[PDB]
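Each chain gets a letter, A, B and so on, in the order the sequences are listed, and its residues count up from 1. One-based numbering, in listed order, for ligands and for the atoms of each.
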Amino acid sequence: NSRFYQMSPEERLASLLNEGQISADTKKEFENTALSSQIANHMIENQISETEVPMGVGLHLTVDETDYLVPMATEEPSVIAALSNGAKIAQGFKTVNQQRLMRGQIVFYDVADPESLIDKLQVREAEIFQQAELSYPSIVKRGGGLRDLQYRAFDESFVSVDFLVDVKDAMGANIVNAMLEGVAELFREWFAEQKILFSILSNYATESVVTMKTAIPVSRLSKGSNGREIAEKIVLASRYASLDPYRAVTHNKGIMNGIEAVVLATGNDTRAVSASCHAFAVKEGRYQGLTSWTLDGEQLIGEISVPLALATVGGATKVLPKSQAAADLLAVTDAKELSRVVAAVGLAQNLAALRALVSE
Amino acid sequence: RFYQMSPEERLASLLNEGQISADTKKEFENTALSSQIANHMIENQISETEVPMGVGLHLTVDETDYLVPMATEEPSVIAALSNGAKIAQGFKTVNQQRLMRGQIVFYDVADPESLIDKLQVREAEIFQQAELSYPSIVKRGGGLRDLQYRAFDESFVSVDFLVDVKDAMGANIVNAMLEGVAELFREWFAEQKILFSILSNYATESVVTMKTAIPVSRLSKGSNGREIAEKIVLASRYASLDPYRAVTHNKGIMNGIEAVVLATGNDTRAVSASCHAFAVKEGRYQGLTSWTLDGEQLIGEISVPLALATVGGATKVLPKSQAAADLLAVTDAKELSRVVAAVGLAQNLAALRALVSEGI
Ligand SMILES: [Ca+2]
Ligand SMILES: [Ca+2]
Ligand SMILES: [Ca+2]
Ligand SMILES: [Ca+2]
Ligand SMILES: [Ca+2]
């Protein structure tokens, strides 16, 4: 409690055993680790062991005519089998649209004249962009950096300056934070009368949304001759999810079984993706499903749209050897392609869940 | 054939086919979870993901001290939880419920309110069938407790099941009853059609409310502890106005909650989906905590649906889950949910205190 944060992992475990907080078999199991103790102990604080999540391979996924082998880390049975089944039925997925910009905000408070403050800033945008480069030049040399500023006001007392930043293949926490912390020091020289509450990245990556679709002949749905009937019930089930939040949450949870499994296997931040995806499910003031299914002629059409600010470098994507091994199997080129594969996984998982759900 | 292969044949096939390098194969083979367990929990298993697990410190809930196992790949999370709990000193339970939710959904219903009327006069037979489908839970003092009915779109009827599943998450119990009762509905109403009968992950009857009261002097090592308290109340209030902050505000909460959920072998997707959906109040995605200033004491409160488990799923089959359970030493799932919700509030306190102290 006092020296635990300075203790070595071996001293921590011995301390817990000696104080009776763990048994001898518990200590032996905590010591049964495959991630290097020097890596683990430097990644987090008070480190003592690791959690092991089985990792399997999702099969038959094809996105934009390209085959993939999807690494999926999950503790839940049938998740990988369902992804492989839905992907085989869909045959292929196609990209509809995609953007990739990370969001940040500098928030003012006790603003007497909100509309006038944003007008002061809108004319000096060229100098805000220049201060952004100075606060983080590396990303600008890599070909990214601030791409757009936006302005919003709330409760007649808050003013949010939004930053849309190209963070390239990283998630962008350090880029955006440092960039906005420097641009905030400039905001304070310009307007000493105004006050800043905080300057931080936003995980609601509405400018990293990917939209994927699939078009399935109803014949492919069932090996029998009931495919059209199964398609109609899939459309109804998907429609019902956007009517009843108690189904929407389960509907989207099923999607995240696949999405989070790839996110985890590749060393990405699972809380960030879950937060942004579930928040994005809130449309028209209501929590709805993240996918849509419609019947057009003899073809079942599915579509998904999710904010996926994923990373192929930084964070835990490289420091953890298993992240790199998973990336070798997946063989994506950049983060944009990762988001496309992950979105297609979500839609494939949704197809398998719905088909199994309504086939009675 | 990949599905039928052993884990070793799979890795050999991936290398021989040119999909992974020899270095990657060797890293996939560096595993600590027994191959027999991993290969039986999931499909197409090849390896595992290792997430560093540490110990959150200084957490006190209802005058009981805990050592919190936390599995995360993000630095500073475990340290921030320990610090937030240290400042908090203690956490008190406000209210708690623990019932799991299921639903049988009819479609193409000519008169939803008329079908509901016919159902409400057969509840004794439904309850009787629910027990016959899964008698074990009834003997251990649980089982179906309530039935509710909702109509949607003038064509759907949802029969809602509220079930006491004791220390399990409850998928097998709930789905067993729903299947049995659904077959009864098909005999009773041959003209009606059932779309699906499945567990719902939106556990609104498993919500836990936790609170804390901190003298403002504890927020700062200096003398502006009441200032930092005022700015924490502003940052929290702002989350209830701007969704781009509410997602980040709640993401920070889940850094703690998901870390414990993962360490204890619980379903991370289920908790994430239910918590983020529960954040939608008044048609707006808002924060899951509230912070207010009452004199010289900062008051924090959290309210989250936590249908967590101490048995079933992966809470025991994964040896690290049992080890984590030993460290935390919780008697039942209800207690687990109280501890995890307190972890969420402490993590939020540490994040908000740091967010505003930077702006000063
Ligand atoms: Ca602009
Ligand atoms: Ca490869
Ligand atoms: Ca590529
Ligand atoms: Ca009635
Ligand atoms: Ca113990």
Side-chain angles (χ1 to χ4, degrees), chain A residues 1 4 12-30 48-49 55 57-59 61-71 92-95 98 100 168-169 210 212 262 265-266 308 310 312-313 317-318 321-345, chain B residues 2 10-28 46-47 53 55-57 59 61 64-70 260 263-264 310 315-316 319-332 335-336 339:
Chain A
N1 290 338
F4 202 82
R12 288 176 185 117
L13 288 180
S15 169
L16 294 159
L17 182 83
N18 293 333
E19 293 190 352
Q21 296 277 20
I22 73 176
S23 77
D25 175 69
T26 290
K27 181 166 177 281
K28 171 160 128 86
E29 186 53 49
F30 278 145
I48 57 162
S49 180
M55 189 204 289
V57 186
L59 300 171
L61 192 79
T62 299
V63 193
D64 294 320
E65 277 149 323
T66 307
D67 295 339
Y68 296 83
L69 297 172
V70 182
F93 297 81
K94 298 292 275 157
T95 315
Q98 180 173 28
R100 191 188 162 72
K168 283 281 151 197
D169 285 329
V210 190
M212 308 297 300
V262 191
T266 56
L308 295 177
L310 305 177
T312 47
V313 302
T317 61
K318 300 291 176 181
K322 290 294 188 304
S323 301
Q324 304 204 29
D328 182 358
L329 184 66
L330 189 53
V332 288
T333 301
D334 65 343
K336 278 195 279 75
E337 190 178 11
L338 179 59
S339 298
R340 294 200 293 278
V341 168
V342 171
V345 162
Chain B
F2 195 84
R10 286 178 187 117
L11 294 173
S13 175
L14 294 171
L15 180 63
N16 187 79
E17 290 278 309
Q19 292 295 312
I20 59 172
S21 69
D23 181 64
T24 288
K25 174 165 185 282
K26 290 183 63 146
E27 185 51 51
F28 277 143
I46 56 160
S47 186
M53 187 203 296
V55 186
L57 299 173
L59 190 82
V61 191
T64 306
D65 297 1
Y66 297 93
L67 308 179
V68 181
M70 305 184 78
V260 190
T264 58
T310 46
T315 60
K316 309 285 225 232
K320 293 288 187 306
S321 302
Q322 277 178 276
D326 188 341
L327 183 65
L328 190 67
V330 283
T331 318
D332 68 353
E335 181 180 5
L336 177 57
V339 168

Flag side-chain contact, heavy atom, 4.5 Å: B:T24 against A:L329: no
Min side-chain heavy-atom separation A:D334-A:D169 under 4.5 Å: yes
The Ca ion (ligand 3) reached by A:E337 (N, O or S, under 3.0 Å): yes
Residue A:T333, metal the Ca ion (ligand 3), N/O/S under 3.0 Å: yes
Metal site angle (apex the Ca ion (ligand 5)), O from A:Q21 and O from B:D326, 10 degrees: 100°
Contact check, side chains of A:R340 and A:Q98, non-hydrogen atoms, under 4.5 Å: yes
Side chain proximity check, A:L16 to B:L67, heavy atoms < 4.5 angstrom: yes
